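**Student:** model the structure of this input:
(3 chains, ligands or ions: 1)
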Amino acid sequence: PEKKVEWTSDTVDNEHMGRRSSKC
Amino acid sequence: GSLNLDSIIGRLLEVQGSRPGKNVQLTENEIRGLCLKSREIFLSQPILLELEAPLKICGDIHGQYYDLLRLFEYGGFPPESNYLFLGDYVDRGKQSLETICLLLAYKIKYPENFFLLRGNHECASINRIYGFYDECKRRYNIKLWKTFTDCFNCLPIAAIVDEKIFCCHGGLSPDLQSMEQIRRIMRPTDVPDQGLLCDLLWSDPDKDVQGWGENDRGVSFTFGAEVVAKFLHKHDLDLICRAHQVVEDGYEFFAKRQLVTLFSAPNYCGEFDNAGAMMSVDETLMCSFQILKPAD
Amino acid sequence: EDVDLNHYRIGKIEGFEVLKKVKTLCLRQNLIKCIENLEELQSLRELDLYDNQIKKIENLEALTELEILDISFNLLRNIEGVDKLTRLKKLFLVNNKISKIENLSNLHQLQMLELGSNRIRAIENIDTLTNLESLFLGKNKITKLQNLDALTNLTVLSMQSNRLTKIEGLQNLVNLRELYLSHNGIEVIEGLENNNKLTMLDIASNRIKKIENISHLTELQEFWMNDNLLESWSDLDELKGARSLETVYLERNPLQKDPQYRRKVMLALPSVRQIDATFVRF
Ligand SMILES: [Fe+3]
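**Tutor:** Residues are numbered from 1 along each chain as shown, chains lettered A, B, ... in the order given. Next comes the structure:
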């Protein structure tokens, strides 16, 4: 068939976890 | 015309385990040959790379040579794994030469299992970056830096893994309508202050902006989650894999895991106190994250 | 005699009095927040504080044997606290927040001043640095070349990535050998009448339309002029006096659209061994 991007079970969705992000 | 690749790689790997800050003195001709030879390989491969899994994707290095060595021990030294770096190899702490030289050397030794995209730190000016220019003239001369820009001007700009993962240093561009526009960009070229090539190396995502916004960097733009979603649907992609911004855990998702930010330099500057990550993709295109915690 | 604490996370300079005759102290990437507790190390020639968080220069008045001082990649905003280091030969203040050149009047033996990547807007207050051989002011906001007339020993002037619009004020730099003015707004090549010893001239990434007024620069070895607006092949006659011209950069000029581009460069400049990135001879 096609090929789909999946994520392993250990990987955490840190999008809404208030992770800090800076522009260098 | 001839350069002992293994002699160079040996002296570069010889500093492994040392307390970061330790150097490797290559000859001027050795560095120049690394630039020239790798430049021929960059020009002989497309500017929009089409890569297949499995491979390990890394974000910014910012000259942190000792964290690059740690990445290769975790991920496996080339050719044990395939690598795609997303740019920003140079920066300041007087170890940018070792970082770029080892990556260029591996690029020359394994040209179809090791890949380097262009970051905004691989520019052809000192309009926004001074550390690498500063390091070249302090350890050698300004002309050595000019030769590096010749190499930089021929780096590829983006990569698509198995027709599903779009990779670039910065992000999307409001001028990007078709992949053909990226493939038509001719090399050598510098990074403009406006346009597709600039945004591909400079733009950022933003939760706040509804579509396209202005960038607090003073260059390029910011795009939002909606931009990401339209981009993946228009081009039948699953994910945008990008770098360019320091993130806490070395990785950070955006727009319901439709974008990921990678950063492979732990403790950038030493004031944010971030980890480094590295994304591993396997043959069935499944993604796992290995994390490099700051040594100090 | 030599002490190296590069990248040791030390957050305060404490307890360095134990060193009797230390001569070089390296404290880069330590996260230092202030200069202090150094008045005892009275034998130091070199002090290196590259990449910390020092916000002001101070407490250095003691070290009068200092010859090399590097406070780059900190958060400095003004130049001060150096008036006593008279034997300073090299001084690096790269990538700070400095806005004005001041307080260097007493460093008469200074051979190299490096103020790249700052917010300087004019060239001033360096008339006293007679022994200057290398002046680095790239990546600033300078808008005119001025007050350079005292630096008669200067051999390298780096002024790339600024806001210059005219080449001027170089009449007295008679020993100038390397001139870097790439990424500016220069439109005309001029004002180089007295810089006969130039071997390296760089005006790439500007808005220059014609190569002129460099026929006297018979010592040119490298001519970097990529990313300009050159259109006339006859302009290359100006470089025929440079019989040791080895490298020329002309790519991304209109000239390179010519399908005889490489042929025409070699015909005009038979001494050239490198054209843009690639070699020609040997
Ligand atoms: Fe970047």
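**Student:** mind checking the SS state of residue B:146?
**Tutor:** For residue B:146, the secondary-structure state derived from DSSP: H, G, I helix; E, B strand; the rest coil is helix.
**Student:** hey, where'd the strands end up in chain C?
**Tutor:** Along chain C, the segments classed as strands by DSSP state E run C:2-4, C:24-26, C:46-48, C:68-70, C:90-92, C:112-114, C:134-136, C:156-158, C:178-180, C:200-202, C:222-224, C:247-249, C:274-275, C:278-279.
**Student:** could I get those as a markdown table with mean neighbour count?
**Tutor:** Every residue, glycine included, has its C-beta placed from N, CA and C. Listed next are the strands of chain C as a markdown table, based on neighbours: other Cβ atoms under 10 Å in any protein chain shown:
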| stretch | mean neighbour count |
| --- | --- |
| strand C:2-4 | 13 |
| strand C:24-26 | 19 |
| strand C:46-48 | 20 |
| strand C:68-70 | 21 |
| strand C:90-92 | 20 |
| strand C:112-114 | 20 |
| strand C:134-136 | 22 |
| strand C:156-158 | 22 |
| strand C:178-180 | 22 |
| strand C:200-202 | 23 |
| strand C:222-224 | 23 |
| strand C:247-249 | 22 |
| strand C:274-275 | 18 |
| strand C:278-279 | 13 |
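**Student:** okay, the ones you listed in CSV with distance to chain A next?
**Tutor:** Formatted as CSV, the strands of chain C follow (distance: least, Cβ to the nearest Cβ, whole Å):
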stretch, distance to chain A
strand C:2-4, 28
strand C:24-26, 26
strand C:46-48, 24
strand C:68-70, 22
strand C:90-92, 22
strand C:112-114, 22
strand C:134-136, 23
strand C:156-158, 24
strand C:178-180, 25
strand C:200-202, 27
strand C:222-224, 28
strand C:247-249, 29
strand C:274-275, 34
strand C:278-279, 33
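**Student:** tally of neighbours for residue B:186?
**Tutor:** Neighbours of residue B:186 under the rule other Cβ atoms under 10 Å in any protein chain shown: 8.
**Student:** surely it is in a strand?
**Tutor:** No. Using three-state DSSP, the assignment for residue B:186 is coil, not a strand.
**Student:** ok, it to residue C:252 distance?
**Tutor:** To residue C:252, residue B:186 is 10 Å away according to Cβ to Cβ, to the nearest Å.
**Student:** ok, now residue C:113?
**Tutor:** Residue C:113 is 32 Å from residue C:252, where distance means Cβ to Cβ.
**Student:** who's in contact with the residue nearest to the spatial centre of chain C?
**Tutor:** What sits nearest the mean C-alpha location of chain C, by Cα atoms, centre = their mean, is residue C:136, with 2.2 Å. Going by Cβ atoms under 8 Å, 6 or more residues apart in numbering or on different chains, residue C:136 touches C:112-116, C:158.
**Student:** let me have those residues in a markdown table, adding distance to residue C:238 as columns.
**Tutor:** Shown next, in a markdown table, are the contacts of residue C:136 (distance: Cβ to Cβ, whole Å):
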| residue | distance to residue C:238 |
| --- | --- |
| C:112 | 32 |
| C:113 | 32 |
| C:114 | 32 |
| C:115 | 33 |
| C:116 | 30 |
| C:158 | 24 |
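**Student:** so which of those residues comes closest to residue B:106?
**Tutor:** For the contacts of residue C:136, the closest approach to residue B:106 (Cβ to Cβ) belongs to residue C:116, at 30.6 Å.
**Student:** would stretch B:259-272 count as contacting chain A?
**Tutor:** Yes. Under the criterion of Cβ under 8 Å from any Cβ of the partner chain, chain A is reached by stretch B:259-272 at B:261, B:268, B:272.
**Student:** measure the closest residue to residue B:195 other than its chain neighbours to residue B:277 for me?
**Tutor:** Leaving aside its chain neighbours, residue B:195 sits nearest to residue B:175 (6.3 Å; criterion: Cβ to Cβ, 6 or more residues apart in numbering or on different chains). According to Cβ to Cβ, residue B:175 and residue B:277 sit 30 Å apart.
**Student:** most neighbours of all the residues of stretch B:259-272 next to chain A, which one?
**Tutor:** Greatest neighbour count in the residues of stretch B:259-272 next to chain A, by other Cβ under 10 Å, goes to residue B:261: 26 neighbours.
**Student:** wait, a strand at that one?
**Tutor:** Yes. Counting by three-state DSSP, residue B:261 falls inside a strand.
**Student:** who's it bridged to?
**Tutor:** residue B:242, residue B:252 (DSSP bridges).
**Student:** repeat for residue B:223
**Tutor:** residue B:205, residue B:212.
**Student:** burial count for it?
**Tutor:** The local packing of residue B:223 (other Cβ under 10 Å) involves 28 other residues.
**Student:** tell me which residues touch it, please.
**Tutor:** B:171-172, B:174, B:203-206, B:209, B:211-213.
**Student:** any idea where the strands of chain A begin and end?
**Tutor:** Along chain A, counting by DSSP E, strands occupy A:6-7, A:21-22.
**Student:** out of those strands, the one nearest the ion is which?
**Tutor:** strand A:21-22 (11.5 Å; Cβ to the ion).
**Student:** and the closest one, what does it pack against?
**Tutor:** Packing partners of strand A:21-22 (3 or more Cβ pairs under 8 Å, 6 or more residues apart in numbering or on different chains; DSSP states H and E): strand B:246-247.
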